[PDB]
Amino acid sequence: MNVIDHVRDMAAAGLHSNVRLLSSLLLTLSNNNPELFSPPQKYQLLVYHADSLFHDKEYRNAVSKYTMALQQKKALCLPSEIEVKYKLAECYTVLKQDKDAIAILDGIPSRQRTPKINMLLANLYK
């Protein structure tokens, strides 16, 4: 297996605390040793970390990581872009930035929107 695999596992088992401190350290290490991780791996790392930040309820931090993740995604069973946007939207909502929550969701092609994503939108339109 692999270090990031282990972070995804720990993520699964819900050791959020651990994922946070480790992914954080991993990220620090990544900015100092580029190509210790592959671009797909970096995306994974960012999502796991942001998810972590999110569960810990530090939304502004999560927001920046999420948007960083999406940037990475632009470059070319990984976390779905659509899953990330959803949580991003959630962060914005709690932060009372609905303009921004709406934007990210609305930017998802209508045919690609999930029931969950449509609920959120619906609520936002109020």
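Numbers for residues come from their place in the sequence shown, where the first is 1.
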Relative to the deposited sequence, how many residues with no modelled coordinates occur between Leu76 and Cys77 (none, 1 to 3, 4 to 9, 10 or more)?
-> 10 or more
Tell me which of 103-111 and 19-27 has the higher mean C-alpha B-factor in the deposited entry.
-> 19-27
Chain thirds by Cα B factor, record data; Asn61 belongs to the middle
Sort the modelled residues of this chain by their C-alpha B factor and say whether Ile4 lands in the lowest, middle or highest third.
-> highest
Among the chain's modelled residues, which third holds the C-alpha B-factor of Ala69?
-> lowest
Third of the chain, ranked by Cα B-factor, where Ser38 sits = middle
Of the three thirds of its chain by CA temperature factor, lowest, middle or highest, which one includes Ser52?
-> middle
